[PDB]
Amino acid sequence: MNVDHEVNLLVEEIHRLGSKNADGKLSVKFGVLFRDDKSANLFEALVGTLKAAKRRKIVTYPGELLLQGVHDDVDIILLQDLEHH
């Protein structure tokens, strides 16, 4: 409910759903994550959660705003990793 937790929830989910790109970092396509969220609704505000982590430079993804699933091929790239002990 507090987006502060959701950010870390996001990076964990990305750790499981995401696959490594050429840069060696984990990345997951919006369509894949959105697909899972459409079932459980983990992120009540997925876009806002993405924004939060993009502002923290934890993840990056092409696009500013979106409404339709035309950005589903957009890979959310994990730039900063704090998820794992």
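Counting only residues that are of a type in the set (D, E, K, R) and closer than 13 Å to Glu13 by Cβ, which one in the range 30-52 is surrounded by the fewest Cβ atoms within 10 Å (Cβ to Cβ)?
If we filter the range 30-52 for residues that are of a type in the set (D, E, K, R), which is where we start, we get 35-38, 44, 51.
Okay, now just the ones that are also closer than 13 Å to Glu13 by Cβ, so 35-37.
Working: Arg35: 13, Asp36: 15, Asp37: 15.
Taking the candidates together, the pick is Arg35.
Scanning the range 76-85 turns up no residue that is among the hydrophobic types (A, V, I, L, M, F, W, C), in contact with a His (Cβ under 7 Å, 6 or more places away or on another chain), in contact (Cβ under 8 Å) with a residue 12 or more places away in the chain and crowded, with 18+ Cβ neighbours inside 10 Å. Beta carbons closer than 6 Å, at least 6 apart along the sequence or on distinct chains, pair a first residue in the range 13-42 that is without any contact (Cβ under 8 Å) to a residue 12 or more places away in the chain with a second that is part of a loop (DSSP other than H, G, I, E, B) for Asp37/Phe43.
For the range 53-85, a residue qualifies if it is among the β-branched types (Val, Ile, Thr), within 14 Å of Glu13 (Cβ to Cβ) and more than 9 Å from the chain's Cα centre (by Cα), and exactly one does: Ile58.
In the range 53-75, which residue that is more than 10 Å from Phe30 (Cα to Cα) and in contact (Cβ under 8 Å) with a residue 40 or more places away in the chain is surrounded by the most Cβ atoms within 10 Å (Cβ to Cβ)? Working first, answer last.
Taking the range 53-75 first, the residues more than 10 Å from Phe30 (Cα to Cα) are 53-60, 62-68.
Next cut, in contact (Cβ under 8 Å) with a residue 40 or more places away in the chain only: 53, 56, 58-59.
Details: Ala53: 24, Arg56: 13, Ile58: 22, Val59: 28.
For the range 53-75, the residue satisfying everything is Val59.
Looking only at residues in the range 6-27 that are of a type in the set (A, V, I, L, M) and farther than 16 Å from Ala40 by Cα, the one that is farthest from the chain's Cα centre (by Cα) is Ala22.
Within the range 1-31, the set of residues being hydrophobic (A, V, I, L, M, F, W, C) and more than 14 Å from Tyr61 (Cα to Cα) comprises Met1, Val3, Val7, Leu9, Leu17, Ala22.
Coordinate-derived values only; no laboratory data. All Cβ positions, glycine included, derive from the backbone under ideal geometry; neighbour counts span all protein chains shown.
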